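Colleague: Got a structure here, written out as structure tokens. Questions coming.
Every residue, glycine among them, receives a Cβ derived from its backbone with ideal geometry; neighbour counts consider all protein chains shown. What follows is calculated from the coordinates using simple rules that are stated; it is not laboratory data.
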Amino acid sequence: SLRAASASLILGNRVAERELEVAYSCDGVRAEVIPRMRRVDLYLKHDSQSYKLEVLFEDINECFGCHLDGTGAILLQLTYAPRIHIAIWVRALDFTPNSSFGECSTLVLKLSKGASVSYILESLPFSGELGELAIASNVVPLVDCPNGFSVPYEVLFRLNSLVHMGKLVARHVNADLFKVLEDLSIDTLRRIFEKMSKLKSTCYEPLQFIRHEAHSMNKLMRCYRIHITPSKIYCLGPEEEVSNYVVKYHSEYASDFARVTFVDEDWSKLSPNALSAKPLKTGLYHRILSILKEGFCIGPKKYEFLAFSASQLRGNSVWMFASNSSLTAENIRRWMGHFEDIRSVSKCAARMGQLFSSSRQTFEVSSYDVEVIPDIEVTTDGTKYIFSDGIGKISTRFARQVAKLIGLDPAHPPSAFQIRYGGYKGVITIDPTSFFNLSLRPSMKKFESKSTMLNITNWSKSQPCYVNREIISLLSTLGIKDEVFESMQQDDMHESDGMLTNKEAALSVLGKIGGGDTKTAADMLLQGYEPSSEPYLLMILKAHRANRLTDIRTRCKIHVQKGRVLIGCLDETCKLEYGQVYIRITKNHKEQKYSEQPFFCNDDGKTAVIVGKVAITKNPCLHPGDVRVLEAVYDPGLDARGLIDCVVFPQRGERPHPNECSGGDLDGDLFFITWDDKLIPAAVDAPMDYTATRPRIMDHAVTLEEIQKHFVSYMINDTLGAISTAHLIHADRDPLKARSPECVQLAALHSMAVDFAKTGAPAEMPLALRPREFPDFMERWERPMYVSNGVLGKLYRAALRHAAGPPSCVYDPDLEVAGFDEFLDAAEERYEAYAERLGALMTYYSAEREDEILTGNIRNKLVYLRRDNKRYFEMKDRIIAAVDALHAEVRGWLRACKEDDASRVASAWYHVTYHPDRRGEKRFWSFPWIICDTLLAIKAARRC
């Protein structure tokens with residue numbers, strides 16, 4: 001099964017299908033193919049040092065058997081560069097003199113003497129045979145425009161991205177190519193590339209292609225993403241994302257902005273092991289740092305480090321700027337505010353990061369309109385707590401205005417907002433009595449800034465309730481019995497299976513999900529459509545039920561009907577004291593129908609108040625008694641003040657309850673609240689004791705250097721994942737569950753680790769506690785396993801067990817407006833439009849089915865997205881957002897039409913996308929239904 005062979009390694013690039021060009025060669029290469037590990041280990045010696053090379057099957061784009069100068073050889077074309085290790089087996093960067101592992105994609109193994117390639121091939125992914133000969137010749141590989149020509153930056157960037165992806169050879173990218181580009185038109189030019197990108201293999205005749213389909217010449221901001229790989233860089237074609245304040249304000253220099261992320265060869269999150277061994281600094285660590293300090297250069301832009309968001313640090317990403325005469329990075333920093341007078345490098349980086357959070361711009365607010373009010377502290381037993389930590393208030397009027405500006409309902413605005421206003425970060429909650437538009441507090445101010453632009457990062461919405469493994473663990477520790485989680489899950493799965501064979505079920509499950517598709521489909525169902533008869537409906541229902549069940553099995557994301565996930569708002573009135581909270585909520589699909597329930601008291605006829613006991617906690621929670629049980633009460637005042645869809649905490653007491661839950665801060669964090677009798681714990685463990693984490697002070701004002709070193713240090717010393725993993729494991733197996741000292745010990749480290757990003761205090765994981773045996777549920781395939789006795793395992797296996805022509809397209813005549821036929825040719829125009837534009841969005845995000853790009857759930861996850869959940873979810877956010885913008889543009893195309901005129905127009909649309917004869921090979925259902933509002937309406941009008 002395992003295969004071994006001796007060869008000489010050749011490194012280069014195919015120029016035509018069968019001509020290779022060498023940039024490196026080495027002899028004495030020992031080669032191992034290990035099908036079980038799905039990896040190809042190459043053992044090599046170069047100079048006087050011995051190196052190991054790792055190639056994964058997932059890396060290999062194309063495999064070939066070949067004839068090279070009298071012997072048989074194997075050709076690999078590689079999507080991602082091989083990983084490299086040095087013997088001291090420690091990872092290292094390109095070692096070749098000319099950075100050839102960076103420069104070239106294609107790699108050859110030249111076997112010698114009696115080699116049957118086929119013997120080697122046998123245990124490799126599909127192969128093909130071509131037999132033919134070759135010819136010989138900071139951050140790399142890159143291309144540059146020749147001295148003569150001018151092409152807009154986005155073009156050069158795209159060309160690169162294509163070369164990196166392996167689509168286009170570098171050498172072909174010459175003066176011959178560029179003039180075609182220059183006569184070439186930017187909108188089209190990009191359009192050409194997208195179709196160039198969908199190619200299976202490398203294109204060795206670009207000019208022909210480009211000129212061929214050029215002859216057949218048939219909001220959001222572009223963002224320039226960049227991956228610095230150990231041996232490689234990758235340009236990611238400018239993708240339309242939601243912006244943030246800093247980049248949006250400098251719109252004239254938007255092109256000069258770039259997003260750099262430091263990853264491994266297949267864009268995997270860099271294991272801290274790659275940057276340490278008595279730990280020994282590796283070489284990769286020195287590279288990332290070096291890039292931060294020196295910067296790297298593409299085309300006319302030479303980038304310099306600028307800043308990194310709070311979240312970007314966790315994402316190992318960073319904001320970089322291409323300084324010019326008109327504007328330099330530092331100018332942007334000083335423009336942001338005054339960081340001369342903070343003394344901790346860590347929070348330095350953080351406050352430089354604040355303004356970069358993705359947000360929506362609103363109203364510039366004057367100083368006199370802004371009210372600075374005291375903080376509501378308290379001191380208990382030698383420890384001082386802040387109730388008002390991170391939270392302020394906003395006028396009702398101004399709240400309506402802000403709400404309207406960000407596309408929400410002015411009549412009914414969000415009760416709370418999460419904002420960046422100059423140096424203020426945090427939450428402002430509506431105060432009807434408040435005279436001032438804003439009423440900020442010292443808690444929220446982090447630095448002085450000239451900026452008076454109010455930016456909203458988030459707002460209060462009543463998100464449906466879900467548990468997860470962290471919460472479930474603690475609940476079971478606190479006496480909550482396995483059978484209620486089992487029941488909860490069984491209910492959730494059945495409903496989820498439900499969607500396909502029941503209208504009510506479908507409506508409910510779509511109720512617990514927030515997307516354009518959810519309400520589109522809900523509205524469609526409510527008019528009487530069903531999956532069998534209607535393709536789009538079936539599409540969505542299947543997709544969502546699939547992702548839903550996957551969520552249940554993988555993450556233990558199980559629906560809790562009685563409860564919600566809300567944002568914390570403070571009780572300004574102070575008529576509320578410790579041990580109580582006040583919750584008023586917008587009634588969901590089900591509560592509406594059976595509203596007379598014990599937990600609910602006051603009923604507003606469409607909203608109601610919680611009265612029972614409630615259990616509350618915040619993610620992440622590793623300590624028992626991060627779960628707090630409080631009494632929900634009715635206060636007439638707060639009823640009158642109109643606060644809704646948030647949980648209102650006491651202003652009074654020995655300790656503020658947010659602080660009792662994990663971190664306990666009011667800066668836009670979300671609490672899990674349930675009033676399900678079956679989930680509240682009988683008695684609660686004492687809250688965690690206060691942290692004693694001190695940042696300290698230094699003489700120097702903060703260097704850039706320190707900021708960069710802090711960033712990398714975070715790379716090396718992160719342990720949130722490892723601790724969370726090990727803690728969950730121990731909580732599952734050990735008798736004491738979450739209390740077992742191993743779990744207490746571990747949980748203590750977690751606080752230090754979350755504290756780490758901003759205090760610079762490492763959390764150190766004892767080698768002993770790191771586990772070599774992983775549980776059934778965690779699905780760590782590559783490592784040893786144990787069937788688990790705990791409830792996480794019971795749930796896992798229940799879920800796994802649950803997993804154990806009707807489709808049709810019936811054109812609905814009813815959906816036929818009379819004058820239609822008028823615009824079908826026109827429709828064909830813009831359907832087609834929509835159809836390739838989605839198509840682009842599909843290829844970029846490696847979406848392949850309509851489901852994936854409308855839902856945002858990629859069913860086939862690429863290698864780097866699978867275990868790093870956060871960045872995949874960021875990608876889901878960005879996919880959904882981009883698609884939403886597109887749909888806005890399409891609802892758009894309707895807007896144009898004569899108000900009398902349009903309605904007919906859609907019907908045309910519907911028909912062009914649903915008639916058997918007029919749509920022949922079109923592969924999309926999405927399109928007409930962007931206009932369900934217009935269509936469903938017309939339907940209703942006939943149906944009686």
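Colleague: If I take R0 = 25 Å and measure r between the Cβ atoms of residue 144 and residue 182 in this structure, what FRET efficiency does the formula 1/(1 + (r/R0)^6) give, to the nearest 0.05?
Modeller: According to the calculation, E is roughly 0.95.
Colleague: Follow-up. Past 25 Å, Cα to Cα, is the threshold; run 618/876; 232/870; 737/870; 219/446; 542/876; 45/110 against it and keep the listed order.
Modeller: Exceeds cut-off: 737/870; 219/446.
Colleague: Something else: Which residues' amide hydrogens lie under 5 Å from the amide hydrogen of residue 21, considering only partners 5 or more residues apart or on another chain, with H built in the peptide plane?
Modeller: Under 5 Å from the amide H of residue 21 lie the amide H atoms of 13, 14, 15, 135, each far enough along the sequence or on another chain.
Colleague: What is the ratio of the Cα radius of gyration of the chain to 2.2 N^0.38 Å, with N the residue count, to two decimals?
Modeller: 1.00
Colleague: So, one more: Please say if segment 250-385 is rounded, prolate or oblate, where rounded means a/c under 1.5 for a ≥ b ≥ c the square roots of the C-alpha gyration tensor eigenvalues, and otherwise the choice is prolate for a/b larger than b/c and oblate otherwise?
Modeller: Because a/c hits 1.5 or more and a/b fails to exceed b/c, segment 250-385 counts as oblate.
Colleague: Please order 540, 135, 707 by the number of other Cβ within 10 Å, starting at the fewest.
Modeller: 135, 707, 540
Colleague: Which far-off residues, 5 or more places away or on another chain, put their amide H under 5 Å from the one on residue 438, with H placed in the peptide plane?
Modeller: Amide H to amide H, under 5 Å and 5 or more residues apart or across chains, residue 438 pairs with 371, 395.
Colleague: Taking the simple approach of a point 7 Å from Cα along Cα-to-Cβ for both residue 200 and residue 27, what is their distance in nm?
Modeller: Label-label distance for residue 200 and residue 27, simple model: 3.8 nm.
Colleague: Here's a follow-up. Among 129, 62, which comes first, second and so on when ranked by fewest other beta-carbon atoms within 10 Å?
Modeller: 129, 62
Colleague: Karplus couplings for segment 359-366 from phi (6.51 cos²θ - 1.76 cosθ + 1.60, θ = phi - 60°), rounded to Hz, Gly and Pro as x?
Modeller: For segment 359-366, the Karplus curve yields 8, 10, 6, 10, 10, 6, 10, 7 Hz.
Colleague: Here's something else I'd like to know. May I ask for the distance between the Cα centers of segment 280-351 and segment 162-241, given as a whole number of Å?
Modeller: Their Cα centres are 28 Å away from one another.
Colleague: How big is the antiparallel share of DSSP beta bridges in the chain, given as a percent to the nearest 5?
Modeller: Approximately 80 percent, going by the DSSP bridge assignments.
Colleague: Please list the non-local residues whose amide H lies under 5 Å from the amide H of residue 459, H modeled 1.01 Å from N, same-chain partners needing a gap of 5 or more.
Modeller: Under 5 Å from the amide H of residue 459 lie the amide H atoms of 418, each far enough along the sequence or on another chain.
Colleague: Note down the relative contact order for segment 821-929 as a percent, whole number, built from C-alpha pairs under 8 angstrom at least six residues apart.
Modeller: Relative contact order here is 34 percent.
Colleague: Here is a further query. Report, largest value first, the span of the C-alpha coordinates of segment 476-564 along each principal axis, in whole Å.
Modeller: 47, 21, 19
Colleague: Less than 23 Å apart at the alpha-carbon level, and either on another chain or at least 8 residues along: which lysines does that give for residue 898?
Modeller: 939
Colleague: If you don't mind, another one. Extending each Cα 7 Å along its Cβ direction at residue 821 and residue 404, get the distance between those two points in nm, one decimal.
Modeller: 4.6 nm
Colleague: According to the Cα gyration tensor, what semi-axes, each the square root of 5 times an eigenvalue, does the equivalent ellipsoid of segment 3-136 have, listed from largest to smallest in whole Å?
Modeller: Working from the Cα gyration tensor, I get semi-axes of 21, 17, 14 Å.
Colleague: Does segment 153-341 come out rounded, prolate or oblate by the C-alpha gyration tensor, with a ≥ b ≥ c the root eigenvalues, rounded set by a/c under 1.5 and, if not, prolate when a/b is larger than b/c and oblate if not? Can you show the working numbers first?
Modeller: Details: a/c = 2.31, a/b = 1.42, b/c = 1.63.
Judged from the Cα gyration tensor, segment 153-341 comes out oblate (a/c at least 1.5, b/c at or above a/b).
Colleague: Looking only at segment 157-183, which residues have a backbone nitrogen under 17 Å from a spot 7 Å from the Cα of residue 217 in the C-beta direction?
Modeller: From segment 157-183, the list is 179-183.
Colleague: Ok, one more. Would you compute the Debye intensity of segment 355-459 from its alpha-carbon atoms alone, equal scatterers and no solvent, and pass along log10 I(q)/I(0) at q = 0.18 Å⁻¹ to two decimals?
Modeller: Relative scattering, expressed as log10 I(q)/I(0), comes to -0.82.
Colleague: While we're looking at this one, here's another question. Between rounded, prolate and oblate, where does segment 698-847 land on the alpha carbon gyration tensor, with a ≥ b ≥ c its root eigenvalues, rounded for a/c under 1.5, else prolate if a/b exceeds b/c?
Modeller: In terms of gyration-tensor shape, oblate.
Colleague: Can you tell me the alpha carbon radius of gyration of segment 813-943 divided by the globular rule-of-thumb value 2.2 N^0.38 Å?
Modeller: So the Cα radius of gyration is 1.19 times the expected 2.2 N^0.38 Å.
Colleague: Next up: For segment 700-705, what does the Karplus curve 6.51 cos²θ - 1.76 cosθ + 1.60, with θ = phi - 60°, yield as ³J(HN,Hα) per residue in whole Hz, taken in order and with x for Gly and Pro?
Modeller: Result, ordered by residue: 6, 6, 6, 4, 5, 4 Hz.
Colleague: In terms of Cα to Cα distance under 19 Å, which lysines are near enough to residue 593, apart from those fewer than 8 places away along the same chain?
Modeller: The reachable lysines, counting only those whose Cα sits under 19 Å from residue 593, are 503, 512, 519, 562, 606.
Colleague: For segment 913-930, what does the Karplus curve 6.51 cos²θ - 1.76 cosθ + 1.60, with θ = phi - 60°, yield as ³J(HN,Hα) per residue in whole Hz, taken in order and with x for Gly and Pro?
Modeller: Once θ is set to phi - 60°, the couplings for segment 913-930 become 9, 10, 5, x, 8, 7, 10, x, 10, 5, 10, 10, 10, 4, 4, x, 6, 4 Hz.
Colleague: Give the share of C-alpha pairs in each 5 angstrom bin for segment 713-802, from 0 to the last occupied bin, in whole percents, shortest bins first.
Modeller: Per 5 Å bin, starting at 0, the Cα pair percentages come out as 3, 14, 22, 21, 17, 12, 7, 3, 1, 0.
Colleague: In whole Å, what are the extents of segment 60-165 along the principal axes defined by its C-alpha atoms, from largest to smallest?
Modeller: Here the spans come out as 53, 39, 26 Å, largest first.
Colleague: Quick check on the exposure proxy: order 553, 18 from fewest to most C-beta atoms within 10 angstrom.
Modeller: With the fewest neighbours first, 553, 18 line up as 18, 553.
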